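Undergrad: Take a look at the following structure, please.
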Amino acid sequence: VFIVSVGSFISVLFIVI
Amino acid sequence: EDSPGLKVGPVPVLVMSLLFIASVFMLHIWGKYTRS
Amino acid sequence: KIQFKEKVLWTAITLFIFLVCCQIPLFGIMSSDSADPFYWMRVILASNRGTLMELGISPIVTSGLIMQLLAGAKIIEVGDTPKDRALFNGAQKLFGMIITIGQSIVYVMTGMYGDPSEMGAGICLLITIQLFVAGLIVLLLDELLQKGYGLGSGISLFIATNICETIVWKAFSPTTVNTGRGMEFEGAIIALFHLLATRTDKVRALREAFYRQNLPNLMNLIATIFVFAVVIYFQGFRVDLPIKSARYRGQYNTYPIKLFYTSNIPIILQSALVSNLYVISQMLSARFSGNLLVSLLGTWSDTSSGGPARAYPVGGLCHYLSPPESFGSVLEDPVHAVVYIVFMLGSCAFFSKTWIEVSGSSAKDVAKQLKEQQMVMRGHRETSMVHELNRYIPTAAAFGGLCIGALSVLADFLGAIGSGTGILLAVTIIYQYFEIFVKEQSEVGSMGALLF
Amino acid sequence: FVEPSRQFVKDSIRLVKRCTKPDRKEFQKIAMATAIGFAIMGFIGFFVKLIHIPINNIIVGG
Numbered sequence: 001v002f003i004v005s006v007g008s009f010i011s012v013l014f015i016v017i
Numbered sequence: 018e019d020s021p022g023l024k025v026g027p028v029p030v031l032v033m034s035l036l037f038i039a040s041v042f043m044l045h046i047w048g049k050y051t052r053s
Numbered sequence: 054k055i056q057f058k059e060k061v062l063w064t065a066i067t068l069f070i071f072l073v074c075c076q077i078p079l080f081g082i083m084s085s086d087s088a089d090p091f092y093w094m095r096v097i098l099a100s101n102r103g104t105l106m107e108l109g110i111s112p113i114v115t116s117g118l119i120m121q122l123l124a125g126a127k128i129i130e131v132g133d134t135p136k137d138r139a140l141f142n143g144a145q146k147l148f149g150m151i152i153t154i155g156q157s158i159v160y161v162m163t164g165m166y167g168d169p170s171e172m173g174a175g176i177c178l179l180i181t182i183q184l185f186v187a188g189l190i191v192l193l194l195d196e197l198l199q200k201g202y203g204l205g206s207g208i209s210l211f212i213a214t215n216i217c218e219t220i221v222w223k224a225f226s227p228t229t230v231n232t233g234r235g236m237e238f239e240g241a242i243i244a245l246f247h248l249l250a251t252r253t254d255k256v257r258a259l260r261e262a263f264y265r266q267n268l269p270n271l272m273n274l275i276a277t278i279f280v281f282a283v284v285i286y287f288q289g290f291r292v293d294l295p296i297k298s299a300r301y302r303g304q305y306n307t308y309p310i311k312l313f314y315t316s317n318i319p320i321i322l323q324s325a326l327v328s329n330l331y332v333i334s335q336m337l338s339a340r341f342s343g344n345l346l347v348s349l350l351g352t353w354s355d356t357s358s359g360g361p362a363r364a365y366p367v368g369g370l371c372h373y374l375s376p377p378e379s380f381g382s383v384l385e386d387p388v389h390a391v392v393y394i395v396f397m398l399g400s401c402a403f404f405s406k407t408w409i410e411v412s413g414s415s416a417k418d419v420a421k422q423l424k425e426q427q428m429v430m431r432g433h434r435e436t437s438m439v440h441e442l443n444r445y446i447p448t449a450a451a452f453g454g455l456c457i458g459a460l461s462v463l464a465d466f467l468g469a470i471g472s473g474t475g476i477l478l479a480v481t482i483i484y485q486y487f488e489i490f491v492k493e494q495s496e497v498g499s500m501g502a503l504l505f
Numbered sequence: 506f507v508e509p510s511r512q513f514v515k516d517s518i519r520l521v522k523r524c525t526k527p528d529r530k531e532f533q534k535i536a537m538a539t540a541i542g543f544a545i546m547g548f549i550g551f552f553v554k555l556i557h558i559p560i561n562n563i564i565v566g567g
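Residue numbers (this note's numbering), protein chains in the order written: chain A, 1 to 17; chain B, 18 to 53; chain C, 54 to 505; chain D, 506 to 567.
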């Protein structure tokens, strides 16, 4: 559950940068 | 969580606006105002 | 607190403050932004946000995903944290806020001592801040309402709203056209025409000669139409089968799933990472560290990330992602257009399947819900609930988003508007959002336009 | 990519036959709702700019 969320979070991270 | 219990506050939102109105218009023209 | 009515309303109040903030970030004084340009990235970036200077509202959209990261997670031991006092879940939420703040700081300028960033492209510290005030009310709403478990219908409405605003903003933008027409589509129309145009509709489509100088805007009108016809058709397919319903009393109301429902939401995310990735890449390759010799070694020439001697976004990830760009008018690059369609198609189906698990709709979740509001027990077999209900739910979730993700790449080619890439993502969202707005509310609909 | 394509074909064949479009009335009804909605989103941004710019120098009044 965490693992899936983390994958999504990395993808998200670049957007803000 | 946050140590304040009334955290979000109607009052902070009003304060942000109050600072903002002076910053927009006194500093710079927008309605034939003086520009600093 | 949960309530479909409450979640939609919170998003609406926030929505207005986005526009009031916007004008000072736009043009103030002599200020200019040097490079950025594109369209696909801009519609994504646009969580209610537009103009030359990037990423004003961007940390705020992100924050909701951060809350999901931890609130409904668990694995890597540090649960109940070695923190004094105690009180978890809210503690996880607090950690979530810190991650959002960290993302914000790097873009904005920071003081020289303790600085740990910058030396490239950044600044925009004053420019970000006004958006931050609008987006602070969003952040604060999220803190209070959530109390360590939260969801919300934020995501769709902000992105959707913006494009309508942008088209209007473009109209009052000066394209170095002659003094204005007074209500033909923005630009590209000659001086003789302009004086006539204000008066009312006559002339335009039937005339004697007009236009054709360098159009930008006849492309806008036909763009919307292409999306318009197919979206409404696929918000019509449904699977029903409910009888005897609500227990005894017996009376039946049909149960409706579009099956493009609960499928759309992954696709918006799938579009979002990729478009942003394309703008950023330039910085990593050319102007960060390391990849000089490493670029040559890795990139065999077939296409590899952070590729050597690449102008515009770096070869690799970007190279498959698009061709010239050319607003879809050059695509016969047997190798760019083909890869673009297939890569997006495979990525979309992956995110549809991961949506099922515990972040959206699965057959186990629906099983419990139909036990509560009782279908009449659904006509069912002797117990063997485990299969029964199940089979059409993974297929439906996959199918819904797979169709949209296929369509989106082709849609860019056919004709996006003034932007030329931007329209498609925003328009699709509005139809989906309308169903969240009124149907979920389970009573009446919208609000406003009354008084009190 | 083989498994996603295989699921997609399997879903579609049942779906075409056991589903039907927005049965004349419905497609128009959703479209109409969207059209009203669209106006609210962007024309609010039109009205603020209309007022704000001609204060400094009149170009259309506001």
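Think of the CB as a built atom: it goes at the ideal place given N, C-alpha and C, for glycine as much as any other residue.
#1: According to DSSP, simplified to helix, strand and coil, what is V292(C)?
#2: Once DSSP output is grouped into helix, strand and coil, what is the label at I110(C)?
#3: Can you find a CB in chain A that lies within less than 8 Å of the CB of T115(C)?
#4: Closest Cβ-Cβ distance between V221(C) and chain D: below 8 Å?
#5: What residue range is occupied by the uninterrupted alpha helix (DSSP H) comprising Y484(C)?
#6: Go ahead and pull the three-state DSSP assignment for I208(C).
#7: For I564(D), which residues in chain B fall below 7 Å Cβ to Cβ?
#8: So does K58(C) have its beta carbon nearer than 7 Å to some heavy atom of the ligand FMN?
#9: Among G132(C), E425(C), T448(C) and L123(C), which has the Cα closest to the Cα of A299(C)?
#10: Short check: CB of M272(C) to CB of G468(C), under 8 Å?
#11: In the structure shown, what three-state DSSP assignment does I38(B) receive?
#12: By how many angstroms is the C-alpha of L193(C) removed from the C-alpha of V30(B)?
#13: For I46(B), decide whether its Cβ has a neighbour in chain D, counting only Cβ atoms nearer than 8 Å.
#14: Kindly give me the distance between the Cβ atoms of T474(C) and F396(C), rounded to whole angstroms, as I take these residues to be in contact under 8 Å.
#15: If you measure between the beta carbons of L349(C) and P366(C), is that distance less than 8 Å?
#16: Determine, for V32(B), whether the minimum Cβ-Cβ distance to residues of chain C falls below 8 Å.
#17: DSSP state of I82(C), grouped into three classes?
#18: List the endpoints of the continuous alpha helix (DSSP H) containing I446(C).
#19: Just to check my reading of the structure: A126(C) and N142(C) have Cβ atoms closer than 8 Å, yes? What is that Cβ distance to the nearest angstrom?
#20: In three-state DSSP terms, what is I154(C)?
#21: Output, in chain order, the set of chain C residues within a Cβ distance shorter than 7 Å of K554(D).
#22: Taking buried to mean at least 16 other C-beta atoms within 10 Å of its own C-beta, is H372(C) buried or exposed?
TA: Result, derived from the coordinates:
#1: For this step, residue 292(C) is matched to residue 239 along the third sequence. If DSSP states are grouped into helix, strand and coil, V292(C) belongs with the strands.
#2: Along the third sequence, one-based indexing puts residue 110(C) at 57. Here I110(C) sits in coil by DSSP.
#3: Looking up residue 115(C) in the third sequence gives position 62. Taking Cβ atoms only, chain A reaches closer than 8 Å to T115(C), which makes this a yes.
#4: Residue 221(C) sits at position 168 when you count from the first residue of the third sequence. Taking 8 Å as the CB threshold, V221(C) lines the interface with chain D.
#5: By 1-based counting over the third sequence, the position of residue 484(C) is 431. That run of the alpha helix (DSSP H) goes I476 to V491.
#6: Residue mapping note: residue 208(C) aligns to position 155 of the third sequence, counting from 1. The answer is coil: DSSP assigns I208(C) none of H, G, I, E or B.
#7: Working through the fourth sequence from its first residue, we reach residue 564(D) at position 59. The contacting residues do not exist; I564(D) stays about 13 Å from chain B at best.
#8: The model depicted lacks the ligand FMN and carries no ligand whatsoever.
#9: Counted from its first residue, the third sequence places residue 299(C) at position 246. Considering only alpha carbons, the answer is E425(C).
#10: Here the question's residue 272(C) lines up with position 219 in the third sequence. Here the question's residue 468(C) lines up with position 415 in the third sequence. Yes; because the gap between Cβ atoms is below 8 Å, this pair is in contact.
#11: If you number the second sequence from 1, residue 38(B) lands on position 21. It is helical.
#12: Residue 30(B) sits at position 13 when you count from the first residue of the second sequence. Residue 193(C) sits at position 140 when you count from the first residue of the third sequence. So the alpha carbons of these two residues sit roughly 11 Å apart.
#13: On the second sequence, residue 46(B) is found 29 positions in, with the first residue counted as 1. Chain D, which has a Cβ nearer than 8 Å to the Cβ of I46(B), makes this yes.
#14: Locating residue 474(C) in the third sequence gives position 421, counting from the first residue. Locating residue 396(C) in the third sequence gives position 343, counting from the first residue. That belief does not hold up - the Cβ atoms of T474(C) and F396(C) are roughly 17 Å apart, past 8 Å.
#15: Reading the third sequence from its first residue, position 296 is the one you call residue 349(C). Reading the third sequence from its first residue, position 313 is the one you call residue 366(C). It is not a contact, given that the beta carbons lie outside the stated cut-off.
#16: Here residue 32(B) refers to the residue found at position 15 of the second sequence. Not an interface residue.
#17: Here residue 82(C) corresponds to residue number 29 of the third sequence, with the count starting at 1. In the structure shown, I82(C) sits in coil (DSSP, three-state: anything other than H, G, I, E or B).
#18: Indexing the third sequence from 1 puts residue 446(C) at position 393. Residues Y445 to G468.
#19: Here residue 126(C) is taken as the residue at index 73 of the third sequence, counted from 1. Here residue 142(C) is taken as the residue at index 89 of the third sequence, counted from 1. No, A126(C) and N142(C) are not in contact; Cβ-Cβ is about 11 Å, not under 8 Å.
#20: Counted from its first residue, the third sequence places residue 154(C) at position 101. Three-state DSSP puts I154(C) in a helix.
#21: Locating residue 554(D) in the fourth sequence gives position 49, counting from the first residue. Near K554(D) (Cβ distances below 7 Å), the residues of chain C are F225.
#22: For the purposes of this step, residue 372(C) is taken as the residue at position 319 of the third sequence. Per the 10 Å Cβ criterion, buried.
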